[PDB]
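Structure first, commentary second.
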Amino acid sequence: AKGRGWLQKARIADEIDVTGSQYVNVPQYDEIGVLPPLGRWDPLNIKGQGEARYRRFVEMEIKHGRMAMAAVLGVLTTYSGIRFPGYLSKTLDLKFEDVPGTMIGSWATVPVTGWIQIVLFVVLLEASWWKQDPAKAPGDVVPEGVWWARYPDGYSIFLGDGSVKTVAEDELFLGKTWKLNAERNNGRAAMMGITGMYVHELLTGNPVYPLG
Amino acid sequence: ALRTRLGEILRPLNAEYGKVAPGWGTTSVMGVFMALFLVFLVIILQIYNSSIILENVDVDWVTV
Amino acid sequence: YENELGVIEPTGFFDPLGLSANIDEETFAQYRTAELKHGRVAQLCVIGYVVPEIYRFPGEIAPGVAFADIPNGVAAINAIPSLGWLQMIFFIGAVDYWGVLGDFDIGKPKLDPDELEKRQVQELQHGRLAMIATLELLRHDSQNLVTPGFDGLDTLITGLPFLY
Amino acid sequence: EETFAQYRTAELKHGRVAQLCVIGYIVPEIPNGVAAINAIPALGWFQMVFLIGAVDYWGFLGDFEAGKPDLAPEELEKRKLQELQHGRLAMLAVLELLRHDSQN
Amino acid sequence: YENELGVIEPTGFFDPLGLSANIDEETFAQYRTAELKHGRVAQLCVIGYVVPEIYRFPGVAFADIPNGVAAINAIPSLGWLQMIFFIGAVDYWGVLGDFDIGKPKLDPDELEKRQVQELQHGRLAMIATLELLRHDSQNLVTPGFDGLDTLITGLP
Amino acid sequence: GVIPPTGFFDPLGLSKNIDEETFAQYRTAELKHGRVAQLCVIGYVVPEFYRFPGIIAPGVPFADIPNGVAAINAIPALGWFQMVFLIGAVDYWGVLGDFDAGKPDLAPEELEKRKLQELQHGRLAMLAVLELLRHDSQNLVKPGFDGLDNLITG
Amino acid sequence: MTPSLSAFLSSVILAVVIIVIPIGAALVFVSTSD
Amino acid sequence: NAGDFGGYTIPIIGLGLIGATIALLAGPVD
Ligand code: CLA
Ligand code: CLA
Ligand code: CLA
Ligand code: KC1
């Protein structure tokens with residue numbers, strides 16, 4: 001017995017016009033990353049360098065933005081003083097609290113054997129596990145069955161009464177295109193953010209130099 | 001009518017005029033939140049009124 | 001068995017070890033009966049770990065041992081006399097096998113087939129969550145019995161400080 | 001018919017466990033007896049009863065063909081009645097053994 | 001793969017996880033060569049724990065090295081190295097030396113019986129090797145972990 | 001493997017009696033020996049200026065290890081077993097040496113040209129290693145056999 | 001739970017079960033009847 | 001008090017950002 005029969009009865013009916021008739025649905029932002037303010041901002045015309053060369057740049061922006069988002073959150077956490085409990089290296093007597101939260105301070109104090117384990121995990125992810133499929137969408141490197149939050153078109157959300165709403169890809173804050181765009185834009189902003197935090201640290205020792 | 005850069009940007013946000021959920025919709029959920037809000041407003045009124053005396057909160061001027 | 005009860009939204013059909021691909025129907029019916037009963041006991045175990053912190057039973061469980069001197073948690077196993085534990089297993093085992101004073105039709109309601117079935121998945125999901133919670137309760141309680149203050153949390157029910 | 005099947009199996013198992021009970025009451029002295037049932041912790045009984053129930057319900061370590069000789073159909077029928085006779089006798093010895101403990 | 005060697009009455013095609021399910025014939029032969037070889041060393045490891053007690057071999061002394069897991073520290077690591085490749089000479093290439101050439105007898109009704117008994121004795125020794133390694137390694141870092149003698153049998 | 005400096009170099013008659021089906025086995029034996037020697041050359045140069053920060057075994061730091069053949073006996077044997085077996089998993093199973101990114105799609109003309117100096121770079125690396133551990137063995141036993149007493153002559 | 005808080009909770013419960021629910025049930029009954 | 005929370009940096013960057021976006025959106029379409 002399939003356990004999904006209650007979903008259709010809990011599903012909210014399709015939205016109509018106030019008069020009673022069916023609603024008429026009635027633009028230039030089709031690709032993820034093409035947003036209202038600038039549209040398609042391509043000063044170097046990388047899209048004109050070939051479809052293979054443009055597919056490379058989409059995955060390249062997605063990957064660069066994903067590491068930069070994690071890098072920005074890492075510095076903001078460690079420079080604030082938040083640390084894991086315990087030891088980073090019991091052999092080297094390296095507690096988490098002893099390591100500086102600054103970018104250059106944490107880069108030097110973390111042992112190179114410890115840094116190798118981070119790099120090898122990225123190498124293992126890049127070369128075997130999370131490999132980009134040419135048929136799959138750019139940035140979709142997590143395979144099936146690895147428990148990833150997915151937002152397919154028409155996925156279910158639930159209200160207070162138990163009613164079920166299906167979320168299209170064009171829905172605000174909940175569609176796939178919104179979350180795909182927000183990943184790209186936060187990746188773009190963190191890309192400029194992480195290099196700005198690097199140079200402000202190089203000049204003043206403070207990654208967020210005006211603040212603090 | 002005039003088409004502007006910001007007007008084209010904000011156009012989908014004003015494109016769903018007259019669209020409704022058929023029937024009663026989510027009115028039952030709304031009534032529950034209204035009822036919970038009414039009970040909550042009575043609680044903070046009666047706390048201020050000292051009609052509800054809590055465990056160790058005192059409706060009086062506090063220090064620091 | 002992707003089209004049976006227990007398939008739910010966050011994971012779908014959950015079989016990473018493949019313990020149901022090469023099994024028959026009689027194994028799956030036993031597996032679901034095991035899962036339902038493991039969940040029902042674990043649901044009562046989470047309740048049974050919290051209620052004695054609030055209310056105890058007036059009286060004496062044994063002529064020598066009263067209901068309040070028994071410590072809550074796994075320490076109640078040794079504090080309760082052993083012969084009292086043996087008859088408790090056979091009471092709830094009679095209900096387990098036969099259904100003595102545990103098979104009334106007052107319980108089983110006349111629900112909509114979709115409503116009753118939805119409640120069955122809700123029964124499994126609460127039981128699946130309670131089994132995970134039962135592991136944390138037993139891990140924290142038994143390790144605290146071996147070494148008081150092993151993890152730092154010196155209360156039996158760590159997540160409910162209003163009980164203490 | 002269905003009811004008699006459960007009555008036959010229960011009367012058989014009651015006689016069988018009584019057979020191990022009397023010999024299991026002899027080897028310990030040559031904590032003992034029902035007074036010893038409280039000294040051994042109930043965590044031990046939790047492990048022991050469920051291990052007993054594993055072979056009782058499923059047949060974990062109690063369904064091996066080595067303890068199931070073919071024999072003969074006529075040879076089986078004679079000792080089949082003998083299982084009940086030694087079964088009913090070993091039962092009645094257990095109650096008297098339980099009666100010997102100080103009780104009204 | 002139920003019609004293979006090793007399917008014996010006490011359990012009978014154990015496979016709870018299903019690691020043998022939906023694998024080709026080459027991987028099962030790979031698993032069988034692994035199961036056999038794991039059992040063979042495990043059968044040689046258990047007796048290899050007993051014979052240094054009574055018999056000792058004649059720039060390190062061959063009578064001062066302890067029989068436990070402390071043995072690997074006493075022998076120089078370079079000394080351990082050409083021995084490992086010596087086992088590898090008979091493992092990969094199969095040039096034996098230890099058994100010279102060796103022509104095994106093949107009795108038709110005894111072949112499947114003796115082959116199964118090789119696995120089942122090896123399967124038990126694999127379980128037994130875990131007990132021997134557990135007691136020995138735990139007692140080195142903590143002498144007196146509910147037992148002092150390396151071998152539980154008391155004839156030593 | 002035939003290079004313009006010489007010809008079909010085989011002085012001791014090791015390619016006439018030996019058949020051509022097992023001849024591939026000597027090729028992988030030659031290629032892997034040269035590959036091992038190639039990492040041994042830079043594995044002998046690098047630990048002079050840089051060492052790993054921690055310890056390798058309890059009580060055995062990375063710093064106080066001789067770079068030479070004395071490093072074998074310095075590291076305990078059980079530590080060597082884990083290293084040798086992990087290498088052998090890559091050597092036999094190809095656990096961490098089968099990734100498709102290390103197999104670049106090269107057109108034929110540069111493809112077998114890229115095999116020619118691969119074994120040739122490894123070829124001189126065998127003899128370069130053969131001198132390297134010779135000087136290391138001829139100095140670990142007694143100090144001062146040759147006029148120079150450095151592991152790397154450069 | 002102070003006596004004033006318990007009195008408030010009792011008042012809410014009493015309002016629901018003496019005023020709201022009986023009047024609603026009576027309204028439903030007389031609306032389905034008439 | 002001056003220099004706290006970045007000093008004049010965030011008001012200058014914020015006002016410059018608002019002015020730049022208004023100028024970017026000021027032109028007519030197509
Ligand atoms: C012992 C209780 C038990 C049993 C018998 C089952 C059995 C079943 N589950 Mg299930 N479940 C449980 C508890 C259980 N579950 C718990 C605690 C969770 C939360 C993680 C789930 C979450 C879950 C989901 C989301 C789904 C199932 C489904 C199923 C069915 C098919 C999958 C299968 O092959 O299971 C066979 C498994 C067994 C017979 C037991 C395996 C025991 C493993 C090997 C123990 C592993 C150790 C564990 C981590 C604890 C170690 C603690 C350590 C410190 C001692 C089957 C009826 C699916 C469904 O219901 O059917 C369509 C499904 O979609 N389960
Ligand atoms: C005499 C008492 C009695 C009887 C007649 C039954 C009747 C039955 N039950 Mg219940 N049951 C009992 C006691 C009983 N039960 C108790 C005290 C509980 C807990 C409140 C349960 C809860 C329960 C569950 C959760 C399940 C049953 C199942 C079963 C069936 C198989 C039981 C079996 O032999 O598995 C023998 C099982 C084992 C030997 C494996 C379990 C071993 C556990 C871990 C031992 C724990 C010992 C102790 C806590 C110490 C732990 C630490 C130690 C392990 C280191 C059978 C119809 C099962 C079923 O119906 O479908 C499969 C099922 O899943 N019963
Ligand atoms: C390295 C040991 C090893 C290997 C490669 C095999 C391989 C095989 N065994 Mg076999 N076995 C072993 C050891 C092994 N066995 C031991 C020790 C026992 C005693 C319990 C058995 C008992 C057994 C039976 C009864 C049967 C098999 C069968 C098989 C075959 C199919 C089952 C399978 O998929 O296995 C795959 C095995 C592996 C991939 C390796 C298992 C290791 C897992 C992944 C981890 C287990 C860890 C373990 C609990 C130890 C933890 C130690 C830790 C606490 C320190 C296959 C040829 C069947 C048969 O012979 O032919 C059809 C069969 O009926 N085995
Ligand atoms: C236990 C771990 C282990 C296994 C299981 C294993 C297996 C094989 N090794 Mg490897 N090996 C090491 C360890 C292991 N090896 C280590 C630590 C080193 C660096 C010192 C090393 C280096 C070489 C060189 C130079 C050659 C070589 C080869 C083979 C090949 C043939 C077996 C043989 O000839 O013995 C089989 C697959 C040769 C070859 O392929 O020739 C045909 C070859 O020339 N190896």
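Because only heavy atoms are used, hydrogens play no part in the values below, and waters and symmetry mates are left out as well, while side chains stay in. Each chain gets a letter, A, B and so on, in the order its sequence line appears, and its residues count up from 1. As the structure lists them, so they are numbered: ligands from 1, and atoms in each ligand from 1.
The shortest distance between side-chain heavy atoms of F/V129 and F/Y44 does not fall below 4.5 Å. You'll find the side chain of C/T33 stays beyond 4.5 Å of the side chain of C/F28, heavy atoms only. Counting only heavy atoms from C-beta outward, the side chains of E/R134 and E/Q138 approach each other to under 4.5 Å. You'll find the side chain of E/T129 stays beyond 4.5 Å of the side chain of E/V41, heavy atoms only. The shortest side-chain heavy-atom distance between E/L96 and E/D100 does not fall under the 4.5 Å cut-off. Counting heavy atoms from C-beta on, the side chains of F/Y26 and F/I18 come closer than 4.5 Å.
Residue D/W58 has at least one nitrogen or oxygen atom sitting less than 3.5 Å from a nitrogen or oxygen atom of ligand 2, judged on distance alone. For D/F50, no nitrogen or oxygen atom sits less than 3.5 Å from a nitrogen or oxygen atom of ligand 2, counting backbone and side chain alike. Polar contact with ligand 4: absent for F/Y92 (N/O pair, distance under 3.5 Å).
The protein reaches atom 33 (C) of ligand 1 closely, with a heavy atom under 4.0 angstrom from it. Using a 4.0 Å threshold on non-hydrogen atoms, atom 62 (C) of ligand 2 counts as touching the protein. Protein heavy atoms all stay at least 4.0 Å away from atom 46 (C) of ligand 1. There is no protein heavy atom closer than 4.0 angstrom to atom 37 (C) of ligand 2. Within 4.0 Å of atom 28 (C) of ligand 1, at least one protein heavy atom is present. Within 4.0 Å of atom 51 (C) of ligand 1, not a single protein heavy atom is present. For atom 54 (C) of ligand 1, no protein heavy-atom neighbour is present inside the 4.0 Å cut-off. For atom 12 (C) of ligand 1, the nearest protein heavy atom is under 4.0 Å away. Remark: atom 42 (C) of ligand 2 lies closer than 4.0 Å to no protein heavy atom. Put simply, atom 7 (C) of ligand 4 has protein non-hydrogen atoms near it, under 4.0 Å away. Atom 19 (C) of ligand 4 is not flagged as protein-proximal [any protein heavy atom, distance under 4.0 Å]. By the definition of a contact as any protein heavy atom under 4.0 Å away, atom 2 (C) of ligand 2 is in contact.
With hydrogens and angles ignored, the 3.5 Å screen pairs no side-chain donor or acceptor of C/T27 with any backbone N or O of C/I23. Side-chain N or O atoms of C/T147 include none that pairs as donor or acceptor with a backbone N or O of C/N144 at under 3.5 Å. The main-chain N or O of C/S82 is found under 3.5 Å from a side-chain atom of D/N38 such that the two form a donor-acceptor pair. Counting only distance, with no hydrogens or angles, the side chain of F/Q82 and the backbone of F/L78 share a donor-acceptor pair below 3.5 Å. Panel note: side chain F/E131, backbone F/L127; no donor-acceptor pair is recorded below 3.5 Å.
Both the backbone and the side chain of C/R128 come within contact range of ligand 1, each with a heavy atom under 4.0 Å. Contact annotation: for C/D15 versus ligand 1, heavy atoms closer than 4.0 Å belong to the side chain alone. When non-hydrogen atoms are compared, ligand 1 lies under 4.0 Å from the backbone of C/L5 (N, CA, C, O) but not from its side chain. With a 4.0 Å cut-off on non-hydrogen atoms, F/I87 touches ligand 4 through its side chain and not its backbone.
A salt bridge does not link C/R119 to C/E123: none of the charged nitrogens lies less than 4.0 Å from a carboxylate oxygen. A salt bridge between E/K37 and E/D91 is present, with a side-chain N of the basic residue lying under 4.0 Å from a carboxylate O of the acidic one. Using a cutoff of 4.0 Å between basic side-chain nitrogens and carboxylate oxygens, F/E30 and F/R123 are scored as salt-bridged. Electrostatic pairing of F/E118 and F/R35 counts as a salt bridge here, judged by a charged N lying under 4.0 Å from a carboxylate O.
Nearest to atom 56 (C) of ligand 1 by heavy-atom distance, out of C/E2, C/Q30, C/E9, C/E35, is C/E35. Selection from F/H33, F/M126, F/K32 by nearest heavy atom to atom 44 (O) of ligand 4 gives F/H33. Closest heavy-atom approach to atom 6 (C) of ligand 2 within the set C/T33, C/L44, C/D96: this belongs to C/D96. Among C/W98, D/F60, D/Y57, the residue whose heavy atom lies nearest to atom 57 (C) of ligand 2 is D/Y57.
What sits closest to atom 22 (C) of ligand 4 on the protein, heavy atoms only, is F/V36 CG2, 3.9 Å. Protein heavy atom closest to atom 31 (C) of ligand 1, with residue, atom name and distance, is C/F28 CE1, 3.9 Å. Looking at atom 40 (C) of ligand 1, its nearest protein heavy atom turns out to be C/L19 CD1, 4.9 Å. Looking from atom 20 (C) of ligand 2 to the surrounding protein, the closest heavy atom is C/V41 CG1, 3.9 Å. Remark: minimum distance from atom 25 (C) of ligand 2 to any protein heavy atom is reached at C/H38 ND1, 3.6 Å. In terms of protein heavy-atom proximity, atom 59 (C) of ligand 1 is nearest to C/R32 NH2, 3.2 Å.
Near F/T28, meaning under 4.0 Å from one of its heavy atoms, ligand 4 places the atoms 40 (O), 41 (O), 42 (C). Per-residue contacts place F/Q25 under 4.0 angstrom from the following atoms of ligand 4 (heavy atoms of the residue considered): 42 (C). With ligand atoms numbered from 1 in the order given, ligand 2 contributes 2 (C), 3 (C), 4 (C), 5 (C), 14 (C) to contacts under 4.0 Å with heavy atoms of C/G93. When each atom of ligand 4 is checked for a heavy atom of F/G88 under 4.0 Å away, the hits are 2 (C), 3 (C), 4 (C), 14 (C). Shown in contact with C/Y97 at under 4.0 Å from a heavy atom are these atoms of ligand 2, numbered in order with element: 57 (C).
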- Message: Set out, in order, the CA-CA distance, both residues' side-chain angles and the distance that settles side-chain contact (heavy atoms from CB on, under 4.5 Å) for D/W45 and D/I52, then state yes or no.
- Response: CA-CA 10 Å; D/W45 297 99; D/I52 288 154; over 6 Å; no

- Audit row: C/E117, A/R4, salt bridge (charged side-chain N to carboxylate O under 4.0 Å, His left out) steps and yes/no: CA-CA 9 Å; C/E117 196 272 33; A/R4 333 300 332 281; over 6 Å; no

- Message: What verdict does the ring pair (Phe, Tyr, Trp, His ring centres under 6.0 Å) test give for C/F90 and C/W85, after you've listed the backbone C-alpha separation in whole Å, the side-chain angles of each residue and the deciding distance to 0.1 Å?
- Response: CA-CA 9 Å; C/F90 277 87; C/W85 266 130; over 10 Å; no

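Under the 4.0 angstrom criterion for non-hydrogen atoms, C/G12 is in contact with ligand 1. Under a 4.0 Å heavy-atom criterion, C/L129 is not in contact with ligand 1. Using a non-hydrogen distance threshold of 4.0 Å, E/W93 registers as a contact of ligand 4. Within the structure, the closest approach of C/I92 to ligand 2 falls below 4.0 Å when heavy atoms are considered. Within the structure, ligand 1 lacks C/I8 among the residues with a heavy atom less than 4.0 angstrom away.
Using cut-offs of 30° and 60° for the angle between ring planes, the F/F62 and F/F52 rings count as perpendicular.
Side-chain contact, C/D15 with C/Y1: no donor N or O sits under 3.5 Å from an acceptor N or O.
Between atom 10 (Mg) of ligand 4 and the N, O or S atoms of F/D91, the shortest distance is to OD2.
More than 12 heavy atoms of other residues, nucleotides or ligands lie within 6.0 Å of NE2 in F/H135, so this atom counts as buried by the packing criterion.
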